[PDB]
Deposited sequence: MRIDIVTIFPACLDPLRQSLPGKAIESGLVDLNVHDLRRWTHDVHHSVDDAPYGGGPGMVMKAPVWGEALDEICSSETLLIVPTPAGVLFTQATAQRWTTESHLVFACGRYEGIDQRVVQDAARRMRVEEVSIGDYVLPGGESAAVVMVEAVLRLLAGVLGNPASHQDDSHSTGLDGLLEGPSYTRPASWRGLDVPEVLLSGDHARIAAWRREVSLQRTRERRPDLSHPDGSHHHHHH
């Protein structure tokens, strides 16, 4: 898998060179490239942002600079991912589906986002996905791209989860559930499913 990430903050993708992602990249499974969006600008001040049409707060990322960067990095086979608070929610099924892709391109935005015509122009030649990592507001899309790449890379390398325990059996007056010390595989699996259904009902009832 070839992964390209375009951003005004390349240093923010540095966690992808460590731990699980780092291993996958070093072992030739993944070819990861981080690019500074300013390398495609032609002006003296390397500007990437301009004032929005119709007024509004902040700045908007210019379509011609994104258009040059994507023209160079993308092909007809590329899946262009645009992290955005207005996208569809990223899920485990999306992470699983993206392991089947040959080339993923993450266009990380800052300011108030990227001019909408970049994605419309990209959609004429390649598949585009506008994706949110959740119902909260981030300063940019770099940390969302890290999250998305980590979910995809761990699937390449290889109800809510219930509680887990390890030694000691008693710690600060707190005992490991007696069932986990039974040796009985069947009642262990039954208890884990039971506490997993219970935690799901309390914390995420939408999942049952």
{"query": "Regions of the deposited sequence not represented in the model", "finding": "159 to 177, 228 to 238"}
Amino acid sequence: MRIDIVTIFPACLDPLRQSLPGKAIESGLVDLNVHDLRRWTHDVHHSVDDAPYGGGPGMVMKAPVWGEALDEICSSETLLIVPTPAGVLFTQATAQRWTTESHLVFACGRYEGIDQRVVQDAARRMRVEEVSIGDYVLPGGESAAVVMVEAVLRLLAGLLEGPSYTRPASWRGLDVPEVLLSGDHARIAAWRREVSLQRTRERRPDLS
From here on, numbers count along this sequence of modelled residues.
{"query": "56 to 64 versus 141 to 149 - which carries the larger mean C-alpha B factor in the record", "finding": "56 to 64"}
{"query": "Mean C-alpha B-factor comparison - 102 to 110 and 88 to 96, higher one", "finding": "102 to 110"}
{"query": "Most elevated Cα B-factor in the entry, residues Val30, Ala169, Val34, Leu70", "finding": "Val30"}
{"query": "Cα B factor band for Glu202 (lowest, middle or highest third within the chain)", "finding": "middle"}
{"query": "Third of the chain's Cα B-factor distribution that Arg154 belongs to, per the entry", "finding": "middle"}
